[PDB]
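Residue numbers (the UniProt record's numbering), protein chains in the order written: chain A, 219 to 272; chain B, 219 to 272.
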């Protein structure tokens, strides 16, 4: 029983996820998605300077 | 008759239980059972911090 407890602890250190870290990464990538979407939508409007010159 | 009395005394010293000691052990293990039950019930609620982070 002792050894089972210690070995399950050891395995958990390797296999399981950390919620405190992974939620932070998720929120960071959410914000980056919104920023990149805005920036790409603004980037697709660059060829319209030619209509002004034309 | 003398020898029977002395030998029954000798056997009682080996085989019979001590009530004063055994009742004390019983009460100690009762209290430990209640404490361990409370502590295990409180231990099964630890994975709920993730719902807070989530």
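The C-beta atom is built at its ideal place from N, Cα and C for all residues, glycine as well.
>> Under 8 Å: do the segment 237-246 of chain A and the segment 262-272 of chain B share three or more Cβ pairs, one atom per stretch?
In response: By the Cβ rule, the segment 237-246 of chain A counts as touching the segment 262-272 of chain B, because three or more pairs are nearer than 8 Å.
> Looking at the C-beta of residue 245/A, does it have a partner C-beta in chain B at a distance below 8 Å?
Replying inline: Position 27 of the first chain, counted from the first residue, corresponds to residue 245/A. No, its Cβ sits nowhere closer than 8 Å to a Cβ of chain B.
> How far does the alpha helix (DSSP H) with residue 226/A in it reach, from first residue to last?
Replying inline: Working through the first chain from its first residue, we reach residue 226/A at position 8. Residues 220-233.
> Could you give the distance in angstroms between the alpha-carbon of residue 243/A and the alpha-carbon of residue 271/B?
Replying inline: On the first chain, position 25 is the one that residue 243/A refers to. On the second chain, position 53 is the one that residue 271/B refers to. Taking the straight line joining both Cα atoms gives about 12 Å.
> Which two residues bound the contiguous alpha helix (DSSP H) that contains residue 252/B?
Replying inline: Here the question's residue 252/B lines up with position 34 in the second chain. Its alpha helix (DSSP H) spans residues 237-261.
> Taking any Cβ of chain A, which residues in the segment 249-269 of chain B have a Cβ under 7 Å from it, in chain order?
Replying inline: So the list reads 268, given in the order they occur along the chain.
> Under the criterion of a Cβ to heavy atom distance below 7 Å, does residue 238/A qualify as lining the ligand HEM?
Replying inline: For the ligand HEM, the structure offers nothing, since it holds no ligand at all.
>> For residue 238/A, would you say it is in contact with chain B, using Cβ-to-Cβ distances shorter than 8 Å as the test?
In response: Along the first chain, read from residue 1 onward, the residue named residue 238/A stands at position 20. It does: the Cβ of residue 238/A has a partner Cβ on chain B nearer than 8 Å.
> Are the C-beta atoms of residue 221/A and some chain B residue less than 8 Å apart?
Replying inline: Within the first chain, numbered from 1, the residue matching residue 221/A stands at position 3. Interface criterion not met: the Cβ of residue 221/A is under 8 Å from no Cβ in chain B.
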